[PDB]
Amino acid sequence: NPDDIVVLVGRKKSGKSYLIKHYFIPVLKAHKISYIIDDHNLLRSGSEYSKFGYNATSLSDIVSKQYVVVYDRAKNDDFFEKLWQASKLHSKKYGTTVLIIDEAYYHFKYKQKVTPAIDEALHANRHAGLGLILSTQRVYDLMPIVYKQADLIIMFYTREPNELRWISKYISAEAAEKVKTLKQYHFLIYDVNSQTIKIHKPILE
C-alpha cells in the first residue's frame, strides 16, 4: 500500500537507507508512484539522495516535480510544517505520494512537540493522500506514537536493553526476541495491523 506508514529502524550501516534506495524507491517508481524525499545528509557534492529525483530549491518545485528531493538545512518544526502542506498539494496533482524522511528524529523526536503537521501525518495521512517512510537509528529516538500509528515496522539487529524494552512495549514482545539474532543486512518486518512477523533475507540490489 502506497499510503502505508512504514518505519525503518537500524543502527548506522545496518542497511536501512540501502533498503530505501534499492527496494522501496524502485518499487514505487515501478508502480508509477511519486515520492518526496526530506534529506538531512550533505555529501561532498549534493545530498545523500540527490541522484533520486529533482533537487528542489523552492516550495513550487516540491509541488510540481514528480520525483523530488528536498535538502533540509533548518531541520526544525517550521520546516516540516511547510513541507507537509507542500506535500499535500503535490499529492493533489500526482495522486497518492510517499513522503520519505531519512533521519526522521529531526521531526518526530521522542519528547518533542506534536505540531498540527505531525498529528496529521500520523493520523490522517490516507485522507491527505500521503504515505510515509520514516527512518531512524535507535527505536527510542522517536515518539512512541509513531510505532502505534505505523502499518509496517522494519527492524535490523539489536540487543541494546533499552531498545528491546521499547520494542516489547510499543511494537511487539515477539519482535523484541527475534531482533536479537538477525544477521548482517537481515531484517524483521512487523505488520502492525495483523500483528504478524516475517524475517527477511538481505535484499539483492
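Residues carry their position along the shown sequence, with the first being 1.
Visitor: Say whether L43, which has coordinates in the shown structure, is without coordinates in a third or more of the other compared entries.
Guide: In at least a third of the other entries, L43 has no coordinates.
Visitor: How about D77: is it missing from at least a third of the other entries compared?
Guide: Yes; at least one third of the other entries leave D77 out.
Visitor: May I ask you to compare 29-37 and 151-159 by their mean CA B factor in the entry and name the higher one?
Guide: Per the deposited B-factors, the answer is 29-37.
Visitor: Of the two stretches 52-60 and 168-176, which shows the higher Cα B-factor on average in the entry?
Guide: Going by the record's values, the stretch with the higher mean is 52-60.
Visitor: Among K82, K75, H123, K88, which carries the highest Cα B-factor?
Guide: Highest CA B-factor of the listed options: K75.
Visitor: From the list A128, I118, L132, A104, select the residue with the highest C-alpha B factor recorded in the entry.
Guide: In this record, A128 carries the highest C-alpha B-factor of the candidates.
Visitor: Divide the modelled residues of the chain into thirds by Cα B-factor and specify which third, lowest, middle or highest, holds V98.
Guide: Answer is middle: the recorded C-alpha B-factor places it there.
Visitor: Would you mind ranking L42 by its C-alpha B-factor against the rest of the chain and naming the third, lowest, middle or highest?
Guide: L42: CA B-factor falls in the highest third of its chain.
Visitor: Would you please rank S14 by its C-alpha temperature factor against the other modelled residues of its chain and give the third it falls in: lowest, middle or highest?
Guide: It falls in the middle third of the chain.
Visitor: So where's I20 on the chain's Cα temperature factor ranking, which third?
Guide: As the PDB entry reports it, the C-alpha B-factor of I20 lands in the middle third of its chain.
Visitor: Relative to the other modelled residues of the same chain, rank the CA B-factor of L182 and answer lowest, middle or highest third.
Guide: Ranked within chain, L182 CA B lands in the lowest tercile.
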